[PDB]
Every structure is written in C-alpha cells, then in structure tokens.
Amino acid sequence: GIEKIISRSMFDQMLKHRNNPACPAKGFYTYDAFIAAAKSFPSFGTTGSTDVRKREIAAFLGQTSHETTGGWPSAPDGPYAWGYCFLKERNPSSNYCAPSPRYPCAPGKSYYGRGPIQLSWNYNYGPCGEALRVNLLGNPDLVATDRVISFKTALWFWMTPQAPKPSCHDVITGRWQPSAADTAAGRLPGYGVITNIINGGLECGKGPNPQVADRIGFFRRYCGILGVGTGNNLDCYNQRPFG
C-alpha cells in the first residue's frame, strides 16, 4: 500500500510535533493508524504515476495538517511542522446541525470538527458513518476516540464526491475535469479547488486569507520532502465556492 511511498520516518519528519507534550492530541495520531485506515481506501495514494501518488499524499497530509495545526509563525521548525496537534475543533461556535431528512441531528449531539479533516456537520457524519459501518451520527465523539476510525473519516471525506463537488482524490489525481461553471468561476485543477471542497464557503473567493495560506504552506513543505512539484492553482482566493 501507501507505506511504499510514505515511510514511518517520513511521516514522523512531516508530523514532527504530533507527539510533543504541548499538543492536546499527543499519542493519538499514529503512522500505524494512518496505514491501517488507508487499507479501507485502497486507491488513495495508489492512483496514477509515482509523482501523482506522492502529490496526493502530500495534499492529504497538507490539508489535514492545517485542520489540526498547533502552528504559530515563530514556532520551532516553522508553522508547517505543527500539523496533527489537535483532535477537536477549538472553541466551536455552534453544534453544526443543519436540516437533513436522511441524516437528522441526534438530540444532544454536536458535529464540530473532529479528527484529521475536522469532519463537521450532521450531513457529513451521517453518510460517513454509513460508509464506515459505525454510528457517527448518533455518536460523533467516536471520531475523536478511536484512532483508526479518526483517520478513516478523513480518508472517507477525501475520497467521496458530493455533487457539485468532486472528490479531493479525483482532483489531485487528474481524473476530475472542470465544468463550464468551474472554469468560469476559476475552479481549476489544483490544491486551491481542494481547499474549496473542504471549507470553501468560509475560505474561498474572498481574496487573501491566512487559513488558505496555511494550507498551502503545509502542502509545499510536504511536496518538498516527497520531492515533487505542488502544481499551480494553489489558492482559492478568486474561486467562487462550490455549490
């Protein structure tokens, strides 16, 4: 599997501070859990040329690193060495509950960000739990409790199209071709579109944004380590958010 492209030592170099005693998630995010989880999504990091596979791994780790970052500008090893520091969304402003016939909010539960992709909203927890055969809609805390399930939610999100959004996977592997609406809106293949899929409503199409820049910094660092180009279209500053 992906262990051939990303070794334990490389993962540890990338996520240099995940086991820092200063990080709330210390000990939770393990290479073994990452590899185990990836087995359930066998085309992740095994699609296309070696160059593409490395870029996919860098893109996934880059985005998830931003979602979980403990970085600050003057941090040791730079802000892009502080991925995977957090497990739960810091200071959430709501329970992330939206109307959903299929995946209604479970009374008393909250769908704030958890795990590497900071999975949010009942309408993500619902179908993710269905795919993973666990009750994430009724027990969203599971994403912050079992390390393999945690990684699986992130990979699920990455691998799953949700129209009109393609999967992050299909974008980074070059399988996704933009529609006429996409090319008009400047949603072109690259890391920027991936940011848009993940959190574009809040981060994209509004000009320069430090969260978008942070996502790019991790991706650049990881592509450097893996020895691949990042490609272009890295930001979504001028991209209309997806529908």
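Start at 1 with the first residue shown and count on from there.
Stretches 105-113 and 71-79 differ in mean C-alpha B factor, with the higher average recorded for 105-113.
Per-stretch averaging of Cα B factors for 217-225 and 10-18 places 10-18 on top. Note on the listed residues 28, 60, 191, 176: the highest Cα temperature factor in the record is that of 176. Note on 134, 87, 154, 171: the highest value goes to 134, judged by CA B factor as recorded.
Ranked against the other modelled residues of its chain, the C-alpha B-factor of residue 145 as given in the entry falls in the middle third. Ranked by Cα temperature factor within the chain, residue 96 sits in the highest third according to the deposited record. When the CA B factors of the chain's modelled residues are split into thirds, the value for residue 56 lands in the lowest one. For residue 119, the recorded CA B-factor ranks within the lowest third of the chain. Only modelled residues enter the ranking.
The deposited CA B-factor of residue 183 belongs to the middle third of values across its chain.
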